[PDB]
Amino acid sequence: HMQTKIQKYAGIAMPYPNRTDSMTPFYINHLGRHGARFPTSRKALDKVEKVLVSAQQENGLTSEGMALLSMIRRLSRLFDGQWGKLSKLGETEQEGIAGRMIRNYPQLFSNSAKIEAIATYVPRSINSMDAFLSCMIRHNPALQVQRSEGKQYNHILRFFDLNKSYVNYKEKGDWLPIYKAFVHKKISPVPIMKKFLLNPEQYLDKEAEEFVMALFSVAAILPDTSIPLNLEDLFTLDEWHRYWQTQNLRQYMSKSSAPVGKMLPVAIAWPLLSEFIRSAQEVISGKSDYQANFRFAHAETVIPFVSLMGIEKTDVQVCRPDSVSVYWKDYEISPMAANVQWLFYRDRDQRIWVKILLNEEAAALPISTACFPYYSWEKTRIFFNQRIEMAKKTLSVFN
């Protein structure tokens, strides 16, 4: 499908994908990114507008270029005061995830079931939590609910802000030269810019690539805003594919298991994996009587968490940057409203099984099971504990 690949090429700006309803679990352990949101930064919009205005001043625009400039000035007005907010689409995404959970596992959330939800201090994540919880409560007002949020959860939901080596890597690390070299190889600006600008070949490579990247960025976020305007047809399938490859590599190297990061971006997630294991263990032991723990955070929470779990292919360490896109796909991991759900079951012989859902689809671990997608919890916990120990060892290589 051409249209489906185009949406996937928004990468971690892809809206949550379409999903469908349909033994019973006794506990659900959840992490969810906020839902679809407005752009967080005006920088890409400003860069597009400045290039076009400067071109208009030297007779450099085509007719389509002038139409684009007017659209860009309108988006600047519509985005004002909205930056980074959860959109109406992001609310409905959360209602959809909660609603499907309820219809799939009605017994777990029936009667006076207890649920806890936490979120970061970031409003779009808090609003996502509330869209989710409001759906849950509307379906069953007899739910018992604990809701909290804030900086007190930084250690498990914003670990990427707290590790100094990782912040330095993200801001100044060795992945940047590789990404910039890859953009230069991959982005072919002249055919895009020819749509809007006379003499596109008179632009320096660097400015042409930056213009095109910024335009792609504006077009990629627009479907997340619920504004009835569309730029994605500003670009062909191949053009979107090339852009996506560059942004995919950016996410992989800066946030996941790329060799150049030496697993530092993944290792920092170990406190959340530890906290997942503890909340499950406490529910199993009776220390907790929650039927579910929900957590609302960010793509930089989800991506390293998923890699640290070792969900197959997501922790791949691809040596050759040009090959990353074949083996690791950001839109499969952390689209808008991305979420991970561990579903725990007790079979009739009382053994505990766990099923992992990544964006509501069963995910594989590199351990054996006689009944995929269900894994032994004892086996899975031992595996996760090994991952956590590996993460602590990795972090020991960095002060």
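Numbering starts at 1 and runs along the sequence shown.
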item: Unresolved deposited residues lying between neighbours residue 22 and residue 23; value: 4 to 9
item: 60-68 set against 334-342, stretch whose average Cα temperature factor tops the other in the entry; value: 60-68
item: Stretch with the higher entry mean CA B-factor, where the candidates are 13-21 and 385-393; value: 13-21
item: From 166, 196, 305, 252, residue of greatest CA B-factor; value: 196
item: Selection by C-alpha B-factor (highest) of 300, 232, 116, 130; value: 232
item: Third of chain Cα B-factors occupied by residue 29; value: lowest
item: Ranked against its chain, the third holding the CA B-factor of residue 359; value: lowest
item: Chain thirds of CA B-factor: placement of residue 192; value: highest
item: Ranked C-alpha temperature factor of residue 85 among modelled chain residues, by third; value: middle
item: Record-listed C-alpha B factor of residue 52: chain third; value: highest
